Structure formats: C-alpha cells, structure tokens
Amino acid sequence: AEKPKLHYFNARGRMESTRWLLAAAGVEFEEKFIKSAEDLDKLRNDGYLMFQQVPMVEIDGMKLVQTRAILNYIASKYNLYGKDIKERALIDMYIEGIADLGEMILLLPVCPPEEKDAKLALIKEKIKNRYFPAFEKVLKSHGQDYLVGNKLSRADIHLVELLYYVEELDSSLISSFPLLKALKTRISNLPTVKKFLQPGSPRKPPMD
C-alpha cells in the first residue's frame, strides 16, 4: 500500500480534483513539486510522460498521465464509482457536466483582457439557468442523502469541490438552491473531508 506520488506545480491547476478525491477516500500521498523548466525537462527527457505533459501520478507500479484516466482508476480502486455499469453511466453524465463548467472557470484568467467581461457574464448565466437547476432536480426526485445509489461516490465529491469555487466567484449564486446548500454542509462534515478543508492540509489556494 505504498504512497502514490503526485507530480505537478505548486498550484491548483489540473491536479486539484485529484487531491480532493484521494483525501476524501482517506488515502495518504506525497507530492513532487515542479519549480522550474529544468525539472519539467528531466521528467520528459527521462521518459516519465507519455505525451510529454503533467499531471503525472505514480501509483501501483504505473506512470499515468491525463486527468480523466488518473481519476477513473482511483475511483474504482477505492469503491467510489457505483455498483454496476448503469450506476456508472449516471455518475459519468453528472461529473462530465461538472467538468464542462469547471473548465470555463479554470481558463478564465488566461482569456484576453478585452474578452474578460463577457466571458464572466456568460458563466453565471449557465450556472443559474442550466447547471445548478439540473442538480437540484436530481436530489429532489429521490429525496436521498447522496446523488447516486444512496451511498457516497465520486459525484458528491466533485460537485461539492465545484461549489466552493463558485462561492469565491459570487456567493449569491447558490442562494435559491437549498438542496445544494445542505449537500455542501453534510459533505464538508465527513471526517475525511473536514480534515482536508482545515488549515495545514495539501489543499491549494486560488491562482493569484
């Protein structure tokens, strides 16, 4: 059960959703920071990156690249991917909706400054009219504690992670969604997650 090793920069970027899932499942890990174009060159030049890029994760004797491959393997290994291929399809539809919204928030600060005001405007519109309504409807339809199978899964974790970034954006956006508000609370109080949210954890700060 040796430790998985995360290779990335000292930032949120494309490694942060992997930090959140390993911690919620209670696994302990080490990180390898990248601080220069020289270290990035020795990984590459040493044959560690199949497509010459990070993120990279060493686990169970492998060297994986691509965020979605890293996340799907961990979720299976720790039983966080539902019980059968029909549960996985519901889970897959929900989390890809969440990654579509996350990616726009993620690239927002690299947009052209002359294009910045309209892109932001467009992202709260979708949050309000498309994505937040869709997930409140899911929880209302069955009235249960979790999004799928009445049991904790990766979908609850990736959703709650996104709710925090939205709050940093505009804390009024979640108001009219009381079922979402309460999920955020119940998940943030699980022992493994409450720790990861406490000061001193491997959680990383905004991309100042």
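Just so we're on the same page, rigid core means the largest C-alpha set that superposes within 1.5 Å between forms. Just count from 1 along the sequence shown to find any residue number.
**Student:** Which stretch is more displaced from the shown form in 6 other deposited structures of this protein, 198-206 or 1-9, with RMS over structures and residues of Cα positions after a rigid core fit?
**Tutor:** Higher average C-alpha offset in 6 other deposited structures of this protein goes to 1-9.
**Student:** After a rigid core fit, does 96-104 or 110-118 show more C-alpha displacement in 6 other deposited structures of this protein?
**Tutor:** Between the two stretches, 110-118 moves farther in 6 other deposited structures of this protein.
**Student:** What stretch has the higher average Cα B-factor here, 16-24 or 184-192?
**Tutor:** Higher mean C-alpha B-factor in the PDB entry: 184-192.
**Student:** For the C-alpha atoms alone, is the average B factor greater in 87-95 or in 117-125, going by the entry?
**Tutor:** According to the entry, 117-125 carries the higher average C-alpha B-factor.
**Student:** Looking at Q52, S171, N150, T67, which one carries the largest C-alpha B-factor according to the PDB entry?
**Tutor:** Each of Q52, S171, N150, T67 was compared by C-alpha B-factor; the highest is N150.
**Student:** Taking the values straight from the PDB record, which of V166, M62, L179, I157 has the highest C-alpha temperature factor?
**Tutor:** Comparing C-alpha B-factors across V166, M62, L179, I157, the maximum falls on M62.
**Student:** Taking the chain's C-alpha temperature factors as the reference, tell me which third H7 falls into: lowest, middle or highest.
**Tutor:** Middle third - that is where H7 ends up once the chain's C-alpha B-factors are sorted.
**Student:** Is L162 in the lowest, middle or highest third of its chain when residues are ranked by C-alpha B-factor?
**Tutor:** According to the entry, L162 has a C-alpha B-factor in the chain's lowest third.
**Student:** Select lowest, middle or highest to describe the third in which the CA B-factor of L71 falls within its chain in this entry.
**Tutor:** It falls in the bottom third of the chain.
**Student:** Sorting the chain's CA B-factors, does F135 end up in the lowest, middle or highest third?
**Tutor:** Within its chain, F135 is a lowest-third residue by C-alpha B-factor, going by the deposited values.
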